[PDB]
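Reading through the structure tokens given below for one structure.
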Amino acid sequence: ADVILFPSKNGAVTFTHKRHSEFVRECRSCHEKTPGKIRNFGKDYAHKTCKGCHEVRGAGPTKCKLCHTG
Ligand code: HEM
Ligand code: HEM
Ligand code: HEM
């Protein structure tokens with residue numbers, strides 16, 4: 001889906017999946033060879049990938065509550 005909701009014990013995360021493709025050139029930057037559900041998706045994968053990219057690019061939320069907005 002273009003907008004994906006991630007339930008979380010630390011607050012739901014609203015992910016603009018489609019919008020992110022306007023900023024991220026490759027599906028592979030977040031996906032395995034085949035784009036689709038990510039088997040090991042969770043805290044570790046998310047904090048490394050989601051937070052990590054935001055940190056390196058200086059755009060996107062890195063503060064807990066700015067991502068865990070639910
Ligand atoms: C045009 C390239 C992309 C394609 C073809 C693609 C395709 C998909 C598909 C088919 C799904 C599964 C939807 C479902 O659950 O039915 C999905 C989920 C997802 N995609 Fe993408 N995606 C692309 C780019 C991105 C990018 C750039 C990111 C990271 C910024 C990303 C992150 C994710 C995440 C986190 C999920 C949820 C996985 C899960 O809940 O297991 N995608 N994507
Ligand atoms: C599932 C993991 C991710 C989550 C939960 C996430 C969440 C967010 C959120 C909450 C925003 C605020 C703007 C919006 O919602 O559209 C955002 C912005 C952004 N994200 Fe992510 N993101 C993820 C992965 C990534 C990745 C992997 C990259 C880089 C490869 C990335 C690059 C960006 C950039 C550049 C922005 C700023 C866009 C703007 O200027 O409006 N994000 N992201
Ligand atoms: C240091 C600040 C942060 C703290 C304390 C925090 C804490 C947590 C915790 C405790 C979990 C697991 C909750 C559970 O078991 O359901 C989690 C999962 C996650 N976090 Fe964070 N987080 C932080 C920052 C971020 C940021 C900045 C993002 C988005 C850019 C983010 C995205 C996520 C996502 C998508 C998950 C996985 C959700 C799922 O299981 O589907 N977190 N976080």
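Here, residue 1 is the first one in the sequence, and each next residue gets the next number. Whatever order the structure lists them in is the order used to number ligands and atoms, beginning at 1. For the numbers below, each heavy atom of this structure counts, side chains included, while hydrogens, waters and symmetry mates do not.
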Legend entry - Hphob cluster co-occupancy, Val13 + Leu5, side-chain heavy atoms under 4.5 angstrom: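 No, it is not one cluster - the side chains of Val13 and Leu5 are not joined through contacts under 4.5 Å.
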Legend entry - Listed once per pair and sorted, the ring pair (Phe, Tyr, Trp, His ring centres under 6.0 Å) pairs that draw on residues 43-70, sequence neighbours left out: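 Output for this query lists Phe41-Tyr45.
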Inset, instruction - Would you mind running through ligand 1 and noting each atom that sits below 4.0 Å from a heavy atom of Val24? - result: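 Those qualifying, in numeric order: 27 (C).
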Legend entry - For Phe41, atoms of ligand 1 separated by under 4.0 Å from a heavy atom: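 Ligand 1 atoms under the 4.0 Å threshold to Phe41: 35 (C).
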Legend entry - N, O or S atom of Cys67 closer to atom 21 (Fe) of ligand 3 than 2.8 Å: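 So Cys67 does not bind atom 21 (Fe) of ligand 3 by this criterion.
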Legend entry - Test item, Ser29 contacting ligand 2 (heavy atom, 4.0 angstrom):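 So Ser29 does not count as touching ligand 2.
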With heavy-atom distances below 4.0 Å as the criterion, list the atoms of ligand 2 near [X].
X: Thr16; result: 14 (C), 15 (O), 16 (O)
X: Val13; result: 5 (C)
X: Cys30; result: 27 (C)
X: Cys53; result: 26 (C), 27 (C), 28 (C), 29 (C), 30 (C), 31 (C), 32 (C)

Inset, instruction - For atom 16 (O) of ligand 1, decide whether some protein heavy-atom distance is shorter than 4.0 Å. - result: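 Answer no: nothing from the protein, no heavy atom, is under 4.0 Å.
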Inset, instruction - Return a yes/no value for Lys9: is any of its N or O atoms, backbone included, closer than 3.5 angstrom to an N or O of ligand 3? - result: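 Indeed, backbone or side chain, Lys9 has an N or O that close.
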Inset, instruction - Considering the heavy atoms of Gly42, write down every atom of ligand 3 situated less than 4.0 Å from one of them. - result: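 Listed by number with element, the hits are 37 (C), 40 (O).
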Legend entry - Atoms in ligand 3 flagged as close to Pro61, the criterion being non-hydrogen separation under 4.0 Å: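 Answer for ligand 3: 27 (C), 30 (C).
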Determine whether the side chain, the backbone, both or neither of [X] has a heavy atom under 4.0 Å from any heavy atom of ligand 3.
X: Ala46; answer: side chain
X: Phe15; answer: neither
X: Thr62; answer: backbone

Legend entry - Shortest-distance N, O or S atom of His54 relative to atom 21 (Fe) of ligand 2: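 Output for this pair reads NE2.
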Legend entry - Nearest option to atom 21 (Fe) of ligand 1, as decided by whichever heavy atom of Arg28, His31, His20 sits closest: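 The residue whose heavy atom sits nearest atom 21 (Fe) of ligand 1 is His31.
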Inset, instruction - Pick one of side chain, backbone, both or neither for how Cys50 approaches ligand 2, counting any non-hydrogen atom pair under 4.0 Å. - result: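 Both of them.
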Legend entry - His17 backbone or side-chain N/O/S under 2.8 Å from atom 21 (Fe) of ligand 1: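 For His17, the answer is yes, given that an N, O or S atom comes within less than 2.8 Å of atom 21 (Fe) of ligand 1.
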Inset, instruction - Look at atom 4 (C) of ligand 3 and say which protein heavy atom is nearest, naming residue and atom and giving the distance to 0.1 Å. - result: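 Result for atom 4 (C) of ligand 3: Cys64 SG, 3.4 Å.
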Legend entry - Working for side chain to side chain contact (heavy atoms under 4.5 Å, CB included), residues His31 and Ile38: CA-CA 7 Å; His31 286 286; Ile38 301 172; 4.0 Å; yes
Inset, instruction - Angle at atom 21 (Fe) of ligand 3: provide the value between NE2 of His68 and NE2 of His47, rounding to 10 degrees. - result: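 About 180°, to the nearest ten degrees.
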